[PDB]
Amino acid sequence: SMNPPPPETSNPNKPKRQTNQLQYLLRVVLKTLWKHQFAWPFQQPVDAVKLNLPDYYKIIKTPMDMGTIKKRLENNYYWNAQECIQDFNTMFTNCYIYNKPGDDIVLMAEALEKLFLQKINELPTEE
Ligand SMILES: COc1cc(/C=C2\SC(=O)N=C2N)ccc1O
């Protein structure tokens with residue numbers, strides 16, 4: 001059993017910005033989801049070896065998790081807020097694609113997604 005390498009979190013030739021929307025994504029959005037009681041499965045890449053999910057990376061070809069997002073935000077990896085919002089949405093969608101409705105992990109993702117949507121609704125205008 002093998003896990004793929006994680007998503008990229010460092011790339012010196014990718015242009016980067018530090019913007020008020022990206023600061024909101026770290027200070028408000030990521031921090032709110034990270035502290036939630038259902039955050040733990042999403043705080044690092046899925047370890048398909050330890051979890052005995054040998055088909056996980058056959059089905060999920062664009063993996064994403066909040067550990068990766070946290071690193072991207074803390075290392076100013078992004079150019080704009082849309083790129084980070086897409087990462088969160090990829091994380092939720094992967095969970096719904098791989099699992100069954102009503103599975104514990106899906107209910108956990110849904111609770112985090114509800115908070116995510118609430119916070120993104122008040123994403124500040126770009127200064
Ligand atoms: C079973 O599908 C998923 C599993 C996880 C992670 C888990 S599950 C567990 O017990 N520990 C973990 N770190 C994350 C997203 C998924 O879609």
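All heavy atoms count here, side chains included; hydrogens, waters and symmetry mates do not. By convention here, the first residue in the shown sequence is residue 1.
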With a 3.5 Å distance limit and no angle check, can you tell me whether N20 reaches the backbone of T125 through a side-chain donor-acceptor pair? yes

Output a table of donor-acceptor pairs, distance under 3.5 Å, between side-chain atoms of residues 25-38 and any protein atom two or more places apart or on a different chain; print 'none' if there are none.
{"unit_1": "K31", "atom_1": "NZ", "unit_2": "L26", "atom_2": "O", "d": "3.4"}
{"unit_1": "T32", "atom_1": "OG1", "unit_2": "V28", "atom_2": "O", "d": "2.6"}
{"unit_1": "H36", "atom_1": "ND1", "unit_2": "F38", "atom_2": "N", "d": "2.9"}

Counting only heavy atoms not in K50, do more than 12 fall under 6.0 Å of its NZ? no

For a 4.5 angstrom cut-off between non-hydrogen side-chain atoms, does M66 reach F88? yes

Does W40 reach the side chain of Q43, with side-chain heavy atoms less than 4.5 Å apart? yes

To the nearest 0.5 Å, tell me how far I60 CD1 sits from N94 CG. 4.0 Å

Can you give me every donor-acceptor pair (side chain of residues 107-124, partner residue at least two apart or in another chain, under 3.5 Å) with its distance?
{"unit_1": "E113", "atom_1": "OE1", "unit_2": "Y96", "atom_2": "OH", "d": "2.7"}

Separation between CD1 of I97 and NZ of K61, rounded to the nearest 0.5 Å: 12.5 Å

Just by distance, do the side chain of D103 and the backbone of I105 share a donor-acceptor pair under 3.5 Å? no

From CG (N3) to CG (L51), nearest 0.5 Å: 9.0 Å

Is it possible for you to check whether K71 lies under 6.0 Å from the centre of the six-membered ring of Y77, through NZ or CZ, and within 45° of that ring's axis? no

CD1-SG distance between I69 and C84, expressed to the nearest 0.5 angstrom: 6.0 Å

Strictly distance-based, threshold 3.5 Å: is any side-chain N or O of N80 a donor or acceptor partner for the main-chain N or O of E83? yes

Scan side-chain atoms only and decide if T90 and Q86 contain a donor-acceptor pair under the 3.5 Å cut-off. yes

Find out whether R72 and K16 are in side-chain contact, i.e. whether some heavy atom of one side chain is under 4.5 Å from a heavy atom of the other. no

Taking only residues at least two apart or on different chains, which pairs with a member in residues 47-76 satisfy ring-ring contact (aromatic ring centres under 6.0 Å, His included)? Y56-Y98

I'd like to know if the side chain of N11 and the backbone of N13 have a donor-acceptor N/O pair within less than 3.5 Å. yes

Nearest heavy-atom neighbours spanning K14 and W79: NZ-N, 3.7 Å

Tell me whether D55 contacts the main-chain N or O of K58 through its side chain, where contact means a donor paired with an acceptor under 3.5 Å. no

